[PDB]
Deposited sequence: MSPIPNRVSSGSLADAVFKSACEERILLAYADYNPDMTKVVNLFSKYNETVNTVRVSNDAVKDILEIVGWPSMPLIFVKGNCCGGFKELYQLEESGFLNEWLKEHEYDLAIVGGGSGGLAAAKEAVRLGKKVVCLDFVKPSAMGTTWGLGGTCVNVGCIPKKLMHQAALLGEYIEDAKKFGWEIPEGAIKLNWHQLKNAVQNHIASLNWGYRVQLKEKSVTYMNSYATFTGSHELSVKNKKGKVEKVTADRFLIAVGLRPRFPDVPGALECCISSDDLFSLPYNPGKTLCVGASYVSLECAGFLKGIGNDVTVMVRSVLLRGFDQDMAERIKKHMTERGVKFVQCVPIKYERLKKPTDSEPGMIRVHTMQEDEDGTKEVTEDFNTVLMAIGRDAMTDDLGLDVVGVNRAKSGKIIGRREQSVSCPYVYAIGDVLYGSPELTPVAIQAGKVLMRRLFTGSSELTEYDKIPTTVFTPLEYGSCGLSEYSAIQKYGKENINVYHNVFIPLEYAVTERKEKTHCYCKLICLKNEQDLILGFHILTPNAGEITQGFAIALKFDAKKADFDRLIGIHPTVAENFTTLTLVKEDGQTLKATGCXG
């Protein structure tokens, strides 16, 4: 009674024009008639009836029949006729310079580039770094490599190593008596040397695999045409049968006087030629807290200014516990939003400047304008998609209010040969390994015709605060909101990592884990949360439990490794709030 999904998508990938049809074929000639206009031959497949629902779910279209052009699902006749009518289909059916043009040389872009090339495709990768307002710019590899996960983790490690020196003394290492300072210049140089090695590793990796790299900023000027502008101002034209947008985000600045003149962002922090000194971190994002955390850990006076709550979107119980701990470690939290930044001093080549930060502070007997002076202000309120100058209007790629591209999965909802992955895809969790997986999987779908989907649910994270926060699945609140207080079991414990047992570390009273369970479905695990050293290393493997609908009973029959923090997930009995014969 027909053929199946894999056979359909293989044909779809192999053939120039494929019509996939079910029970009936009204307008088959209208399609064949429409393509005959461009001397194109239309291939056919009768799909098995008990396979259609699966095929439709995968491509994200409501009903049959389906039309593919050069291995891209277009929809039905309605969508094809729109493409023909606009002249886009005429230009689409032409030969183009590249099988795929990738706009962005970051996590997703590079991963997609390597995977497309492994599948024997001609690919162009475009990457350009518009400087920050402070003038800061960098090499290939994107946010993660240059101004994100990598530099952040290295400075976090600089901070942990500070706490490790004190433990070393308590385990009996005879460290001479002096106060011990962190030299910012050595740290920043060590970080920038590593980044430099990655910049060059990716640049080489692209050459070794015959990916055409262009250090040019790309904009759509045709249906199948990017105009790309290099550093010196040279403008070239690049054509492709398909486009992938993996452009990412840049730090958000608020509409406040001085913000842009006075406040660095994460784009600037990791190549600062000076110790940032007394620092104000503005915002409640994980970036704000991670940066506040390590700056404290390397000995700076650190303040964090937040609108209301920390880590909006994370479990607020865990957020509060991070707040308690970072407060005990000497970070100062104030609930205020600056109304003006005034530059008192400019940075020299080796010393920080000075900014006067203005706030409206509340008495009981009235309201006061208040100022406080900081060496450095880090604007860390969020990250925005900077897609206004991409010419997505020219290719008719629908965007959300926020500037992100709206997907039918990774396919532009409105344009079948433009795809988006990574931070710029509306609703995509903003993580490197998601950008990487989305890229690699998309490239296998497009050029192999496989049914593999990226799994965007139950993604584990770690917030690399001074005491790390690992999580996967629902917050306690989301579980209770969705299923009812009455149907949720929360199993939890405190614990002292054995490494801390011999020390008088503040961490000894803050390590906590909890497991959130659906009571009415055998304590199905909905989420887990842990506050510990090495939270990332613990959370990663436990996260696979959610792919198999793991129950509490599965955590309980898993034998621990002793002595570790991780084994704590194995012996939870405490709930948060005899043969009787």
The record leaves without C-alpha coordinates the deposited-sequence stretches 1-9, 587-594
